[PDB]
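For reference, the structure is listed below as structure tokens.
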2 protein chains.
Amino acid sequence: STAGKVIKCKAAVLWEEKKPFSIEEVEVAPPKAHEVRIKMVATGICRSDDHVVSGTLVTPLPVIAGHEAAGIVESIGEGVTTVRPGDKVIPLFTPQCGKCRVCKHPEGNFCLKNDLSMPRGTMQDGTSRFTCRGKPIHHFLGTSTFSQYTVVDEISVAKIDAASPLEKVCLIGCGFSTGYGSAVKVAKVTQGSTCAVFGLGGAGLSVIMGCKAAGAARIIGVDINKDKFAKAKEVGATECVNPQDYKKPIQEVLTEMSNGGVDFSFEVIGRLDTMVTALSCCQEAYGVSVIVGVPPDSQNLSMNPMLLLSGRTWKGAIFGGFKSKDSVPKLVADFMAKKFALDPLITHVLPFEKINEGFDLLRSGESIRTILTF
Amino acid sequence: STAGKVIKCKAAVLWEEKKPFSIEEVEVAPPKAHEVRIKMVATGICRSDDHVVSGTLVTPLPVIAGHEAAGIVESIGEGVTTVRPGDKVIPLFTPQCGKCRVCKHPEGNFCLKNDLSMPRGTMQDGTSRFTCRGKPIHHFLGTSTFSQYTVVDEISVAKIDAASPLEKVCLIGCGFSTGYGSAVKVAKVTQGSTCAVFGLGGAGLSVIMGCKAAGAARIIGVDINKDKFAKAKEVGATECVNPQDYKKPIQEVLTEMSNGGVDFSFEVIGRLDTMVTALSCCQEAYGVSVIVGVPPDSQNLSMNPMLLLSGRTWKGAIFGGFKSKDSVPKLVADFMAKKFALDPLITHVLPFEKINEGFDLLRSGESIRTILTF
Ligand SMILES: NC(=O)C1=CN([C@@H]2O[C@H](COP(=O)(O)OP(=O)(O)OC[C@H]3O[C@@H](n4cnc5c(N)ncnc54)[C@H](O)[C@@H]3O)[C@@H](O)[C@H]2O)C=CC1
Ligand SMILES: NC(=O)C1=CN([C@@H]2O[C@H](COP(=O)(O)OP(=O)(O)OC[C@H]3O[C@@H](n4cnc5c(N)ncnc54)[C@H](O)[C@@H]3O)[C@@H](O)[C@H]2O)C=CC1
Ligand SMILES: O=CNC1CCCCC1
Ligand SMILES: O=CNC1CCCCC1
Ligand SMILES: [Zn+2]
Ligand SMILES: [Zn+2]
Ligand SMILES: [Zn+2]
Ligand SMILES: [Zn+2]
């Protein structure tokens with residue numbers, strides 16, 4: 001009864017930076033060839049969505065943000081072969097086209113069809129499926145999940161187990177998989193190692209889960225908000241340190257605690273200074289540091305290249321290094337088999353209509369993940 | 001006739017920065033416990049020695065520089081078990097104590113006993129074995145090979161094949177092993193990959209040798225001195241580019257040439273700008289860039305961390321990642337088995353007395369390696 005027709009529904013439109021989202025009616029076009037229209041069931045509030053509001057992450061406005069979500073296929077465009085109406089699905093903010101040099105590479109996952117490097121805020125075809133007040137509205141990372149319905153390209157959606165609890169597995173669309181993969185796939189944390197994790201939010205707690213699954217002997221959580229320490233320990237941190245408690249720079253503290261530097265460090269905040277601090281705190285000859293946090297737009301860090309010449313490895317990754325369409329269904333299957341837990345990340349639940357209150361909870365420091373239900 | 005006695009011999013003393021080496025008599029004390037006195041046979045002129053003259057690399061002056069060399073043991077102090085008088089040896093500018101956390105780690109080689117990070121210019125015991133005109137003279141990287149005789153700690157010397165040609169294998173003490181290992185051990189260049197090598201001197205040509213040995217399909221040499229291109233192609237470069245020939249930044253040129261970025265890049269110059277350029281020219285999702293060049297003292301580079309967040313890996317290494325005492329004898333054995341060539345790196349052979357002429361050849365761009373013979 002809606003296939004092939006424009007759908008009028010509610011979405012959270014961001015009309016300008018540093019303002020609340022506007023919950024209002026939008027018009028969602030039917031899917032074109034190789035596109036999929038999805039009825040959203042749950043969406044998470046991720047810090048990267050807040051980065052759009054703050055101007056930290058630049059993407060064209062006005063926009064429908066949201067990228068961590070799960071829903072049910074309402075209709076498919078011509079030529080779609082990988083999902084059907086009624087399937088449970090997770091939108092993929094990093095696509096997997098399967099045909100570019102990155103998708104064919106055994107390690108790479110940052111598909112060249114992504115809308116992150118040079119953001120257009122459109123579908124793959126350069127157009128938008130959203131209208132509000134008669135005005136076209138931009139998409140976000142090819143997902144735009146802050147809406148009762150969205151349209152995504154086929155390369156940006158994965159079919160998942162039909163029995164999946166969508167109000168939990170939406171975290172596999174961003175925060176969990178990013179942190180977990182950063183530890184187990186990107187850093188490749190080894191058994192018995194010492195790890196330092198900077199930032200104990202949704203993504204940082206998932207890094208800790210990955211370090212524990214990898215068998216690390218020590219996992220040092222670092223955060224300036226000591227209220228984050230209790231949950232960090234519950235999911236595997238062996239100790240937590242607040243840089244504000246020390247008279248010395250925390251890289252010096254961490255080097256002393258690890259008797260010469262840590263095996264693996266992770267920056268899971270998004271600050272230039274903590275990116276350099278995290279690199280510095282890993283052991284100078286064989287340490288590995290992984291950047292996960294999103295830096296402020298167009299800003300350069302400053303560092304001494306002798307930190308690398310001694311032997312350190314520095315790398316970063318999107319989405320924990322996972323090839324998105326291959327990995328999301330397998331991660332859901334592992335969740336269904338109890339191989340990892342998502343409940344520790346979910347601190348608050350709200351209806352979609354209270355999205356602004358959910359962003360208030362994130363900004364105040366009180367929440368890890370708020371899940372919004374449509 | 002010299003064991004247990006002070007030796008008066010010829011050495012090249014650097015009394016202050018930005019001056020020629022002073023060829024004059026020095027006194028070399030006999031070795032203390034766990035020390036080895038070596039009669040030098042051949043020593044190479046490496047850019048890192050010139051960095052001491054220029055102030056690029058800070059180490060205490062006055063100094064006997066030189067670190068790439070081979071010689072014959074004249075005497076050993078009490079407790080030495082790994083070399084004997086008469087053995088052919090290569091001094092190790094990176095020690096291998098075998099007891100520190102780095103030496104025990106399967107991948108680390110920057111032994112904590114090194115004199116690089118916080119240069120003292122002494123023996124391990126904090127004193128010097130050199131006197132000139134009655135004044136104590138500093139050591140350099142625990143080696144100090146610009147002298148007819150030197151004294152090194154046991155952890156900074158490796159015994160090599162008694163049939164080795166010392167006027168060639170001295171290059172295993174620095175330039176060859178650094179470049180070769182940077183490709184085959186640090187970067188782990190893969191078969192069929194595309195590589196870019198910035199800087200076509202002794203170390204850069206050895207990187208090329210390693211990339212070819214690893215089966216790279218394309219090896220792009222980059223140098224502002226087009227006179228370096230012929231030898232680079234002889235040792236494996238498939239193409240060479242001079243950044244001064246282009247109106248665009250070379251990172252953009254290399255990205256176009258490689259249809260989206262190279263698999264492996266190497267900075268083998270020692271400039272902050274080319275370190276960032278080399279990182280940028282590797283493929284954004286899976287490329288690897290290795291810093292080999294020594295940066296000017298105390299200077300920071302500036303870079304956008306999004307270059308790493310997309311998926312790039314950035315690392316550096318000392319001495320090609322090789323555990324020094326384990327690796328040097330094995331590399332000599334490989335050379336004797338004809339597994340690699342050193343003659344392509346040697347452009348000039350001069351008597352030690354012509355050390356300053358040898359540095360003039362390096363500074364003018366004319367030489368790759370000048371070998372000085374004692
Ligand atoms: N690379 C990728 O694919 C992804 C990147 N991100 C980015 O990772 C970062 C973390 O995301 P979330 O965990 O969702 O955000 P979050 O805001 O919940 O967690 C950040 C934590 O860092 C702490 N913090 C802030 N400043 C600090 C400082 N100077 N020192 C120590 N701790 C500090 C905060 O107290 C907070 O607990 C964000 O920048 C996000 O945009 C998130 C998921 C995907
Ligand atoms: N990491 C380690 O263990 C070692 C580091 N090094 C360092 O590697 C670097 C190279 O050493 P060598 O090969 O012996 O020196 P080299 O001086 O013979 O080679 C440097 C090359 O870079 C070229 N070059 C200079 N500026 C350039 C620019 N803007 N753009 C492109 N090319 C440029 C020069 O024309 C020259 O051919 C030095 O900084 C050296 O101190 C050397 C061996 C050990
Ligand atoms: O949070 C999800 N995606 C992020 C990934 C890093 C760049 C900004 C967008
Ligand atoms: O060239 C030999 N050794 C170099 C190693 C990198 C720092 C300066 C000295
Ligand atoms: Zn792709
Ligand atoms: Zn996210
Ligand atoms: Zn050691
Ligand atoms: Zn050298």
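Residue numbers start at 1 in each chain; chains themselves are named A, B, ... in the order of the structure tokens; ligands are numbered from 1 in the order shown.
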Which of segment 113-195 of chain B DSSP labels strand (DSSP E), written as a PyMOL selection string: chain B and resi 130-132+135-137+149-153+157-159+194-195
Cut-off 10 Å, only C-alpha atoms and all ligand atoms, neighbours of ligand 8 as a ChimeraX atom specification: /B:44-51,66-69,93,171-178,202-203,294,318-319
Option closest in space to ligand 7, from B:180, B:149, B:110, B:286 [counting only C-alpha atoms and all ligand atoms]: B:110
Hey, could you make a per-residue contact list for chain B against chain A with 7 Å as the cut-off, showing the nearest pair of atoms and its distance in Å to one decimal, counting only C-alpha atoms, sorted by chain and number, as a Markdown table?
```
| residue | atom | partner | partner_atom | distance |
| --- | --- | --- | --- | --- |
| B:102 | CA | A:285 | CA | 6.8 |
| B:107 | CA | A:286 | CA | 6.5 |
| B:108 | CA | A:286 | CA | 5.2 |
| B:109 | CA | A:285 | CA | 6.8 |
| B:110 | CA | A:285 | CA | 5.5 |
| B:285 | CA | A:110 | CA | 5.5 |
| B:286 | CA | A:108 | CA | 5.2 |
| B:291 | CA | A:309 | CA | 6.3 |
| B:292 | CA | A:309 | CA | 6.8 |
| B:299 | CA | A:304 | CA | 6.4 |
| B:300 | CA | A:304 | CA | 4.4 |
| B:301 | CA | A:302 | CA | 5.6 |
| B:302 | CA | A:302 | CA | 4.6 |
| B:303 | CA | A:300 | CA | 4.9 |
| B:304 | CA | A:300 | CA | 4.3 |
| B:305 | CA | A:300 | CA | 6.7 |
| B:308 | CA | A:316 | CA | 4.6 |
| B:309 | CA | A:316 | CA | 4.0 |
| B:310 | CA | A:317 | CA | 5.4 |
| B:311 | CA | A:317 | CA | 4.6 |
| B:312 | CA | A:315 | CA | 5.8 |
| B:313 | CA | A:315 | CA | 4.4 |
| B:314 | CA | A:314 | CA | 5.1 |
| B:315 | CA | A:313 | CA | 4.5 |
| B:316 | CA | A:309 | CA | 4.0 |
| B:317 | CA | A:311 | CA | 4.5 |
| B:318 | CA | A:310 | CA | 5.9 |
```
Residue 162 of chain A surroundings by only C-alpha atoms, 10 Å radius, close-in-sequence under 3 positions cut, as a tab-separated table (two decimals) with C-alpha atoms, in the first residue's frame:
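Written file, result22.tsv:
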```tsv
chain	number	residue	atom	x	y	z
A	72	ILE	CA	12.63	-3.42	8.17
A	86	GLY	CA	10.07	-7.54	5.25
A	87	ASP	CA	13.75	-8.29	5.83
A	88	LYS	CA	15.43	-6.89	8.93
A	89	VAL	CA	18.36	-4.68	7.88
A	159	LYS	CA	20.27	-8.12	5.62
A	165	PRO	CA	16.25	-7.66	18.46
A	166	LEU	CA	16.50	-4.42	16.50
```
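Atom 15 (O, counted along the ligand's line) of ligand 1 lies 9.7 Å from atom CA of residue 205 of chain A.
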Shell around residue 85 of chain B at 6 Å using only C-alpha atoms, local window under 6 positions removed, as a VMD selection string: chain B and resid 73 to 75
Go ahead and dump the residues you just picked, N, CA, C and O atoms, as a PDB file, in the first residue's frame.
```pdb
ATOM      1  N   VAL B  73      89.245  -7.439  15.263  1.00  0.00           N
ATOM      2  CA  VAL B  73      89.445  -7.279  16.703  1.00  0.00           C
ATOM      3  C   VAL B  73      90.930  -7.301  17.038  1.00  0.00           C
ATOM      4  O   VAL B  73      91.648  -8.251  16.705  1.00  0.00           O
ATOM      5  N   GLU B  74      91.392  -6.251  17.723  1.00  0.00           N
ATOM      6  CA  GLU B  74      92.767  -6.189  18.208  1.00  0.00           C
ATOM      7  C   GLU B  74      92.895  -6.775  19.613  1.00  0.00           C
ATOM      8  O   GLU B  74      93.870  -7.478  19.901  1.00  0.00           O
ATOM      9  N   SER B  75      91.931  -6.508  20.496  1.00  0.00           N
ATOM     10  CA  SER B  75      91.954  -7.088  21.835  1.00  0.00           C
ATOM     11  C   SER B  75      90.561  -7.002  22.447  1.00  0.00           C
ATOM     12  O   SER B  75      89.706  -6.229  22.001  1.00  0.00           O
TER      13      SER B  75
END
```
Spatial neighbours of residue 197 of chain A, max dist 6 Å, only C-alpha atoms, sep filter under 6 positions, as a VMD selection string: chain A and resid 221 to 222 265 to 266
Please save C-alpha atoms of the selected residues as a short mmCIF file (atom, residue, chain, number, x, y, z; two decimals), in the first residue's frame.
```cif
data_model
loop_
_atom_site.label_atom_id
_atom_site.label_comp_id
_atom_site.auth_asym_id
_atom_site.auth_seq_id
_atom_site.Cartn_x
_atom_site.Cartn_y
_atom_site.Cartn_z
CA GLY A 221 40.92 3.20 30.66
CA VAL A 222 41.59 6.93 30.37
CA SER A 265 46.87 2.41 22.59
CA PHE A 266 43.58 3.72 21.19
#
```
Nearby residues (only C-alpha atoms) at most 6 Å from segment 118-129 of chain A, same-chain spacing under 6 positions excluded, as a ChimeraX atom specification: /A:28-29,59-60,138-140,142
Go ahead and write the selection's residues with N, CA, C and O atoms as a compact mmCIF listing (two decimals), in the first residue's frame.
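Here's the written file part20.txt:
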```
# COMPACT_ATOMS: atom_id res chain seq x y z
N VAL A 28 9.38 11.27 1.55
CA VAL A 28 10.42 10.30 1.20
C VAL A 28 10.02 9.65 -0.12
O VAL A 28 9.00 8.96 -0.21
N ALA A 29 10.83 9.89 -1.15
CA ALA A 29 10.56 9.34 -2.47
C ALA A 29 10.70 7.82 -2.46
O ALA A 29 11.42 7.26 -1.63
N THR A 59 29.35 18.25 6.89
CA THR A 59 28.56 17.63 5.83
C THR A 59 27.47 18.63 5.46
O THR A 59 27.07 19.43 6.31
N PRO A 60 27.02 18.65 4.21
CA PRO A 60 26.08 19.70 3.80
C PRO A 60 24.79 19.69 4.60
O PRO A 60 24.20 18.64 4.87
N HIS A 138 19.52 17.21 2.57
CA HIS A 138 20.66 16.32 2.33
C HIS A 138 20.55 15.03 3.13
O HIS A 138 19.95 14.98 4.21
N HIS A 139 21.17 13.98 2.59
CA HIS A 139 21.40 12.73 3.31
C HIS A 139 22.69 12.84 4.11
O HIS A 139 23.46 13.79 3.96
N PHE A 140 22.94 11.84 4.95
CA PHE A 140 24.15 11.80 5.77
C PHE A 140 24.76 10.42 5.65
O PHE A 140 24.13 9.43 6.02
N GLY A 142 25.02 8.45 3.37
CA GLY A 142 24.20 7.49 2.66
C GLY A 142 23.27 6.68 3.54
O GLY A 142 22.84 5.60 3.13
```
Quick one: residues within 9 Å of residue 91 of chain A, only C-alpha atoms counted, chain neighbours fewer than 4 positions away excluded, as a JSON list (two decimals) with C-alpha atoms, in the first residue's frame?
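File part-v7.json, as written:
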```
[["chain", "number", "residue", "atom", "x", "y", "z"],
["A", 38, "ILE", "CA", 13.48, 1.10, 5.06],
["A", 67, "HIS", "CA", 23.73, 6.43, 10.87],
["A", 68, "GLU", "CA", 23.53, 3.76, 13.65],
["A", 69, "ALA", "CA", 20.20, 2.00, 13.18],
["A", 70, "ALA", "CA", 18.13, -1.05, 12.29],
["A", 71, "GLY", "CA", 14.84, -1.40, 10.49],
["A", 95, "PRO", "CA", 29.33, 1.09, 1.86],
["A", 142, "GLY", "CA", 24.20, 7.49, 2.66],
["A", 143, "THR", "CA", 22.10, 6.42, 5.66],
["A", 144, "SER", "CA", 19.99, 9.22, 7.28],
["A", 145, "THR", "CA", 18.43, 7.15, 10.03],
["A", 152, "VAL", "CA", 19.62, 3.86, 0.96],
["A", 156, "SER", "CA", 24.78, 0.60, 1.92],
["A", 157, "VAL", "CA", 22.48, -1.98, 3.53],
["A", 158, "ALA", "CA", 22.93, -5.47, 4.99],
["A", 170, "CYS", "CA", 21.46, -1.18, 15.88],
["A", 173, "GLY", "CA", 25.76, -0.37, 12.77]]
```
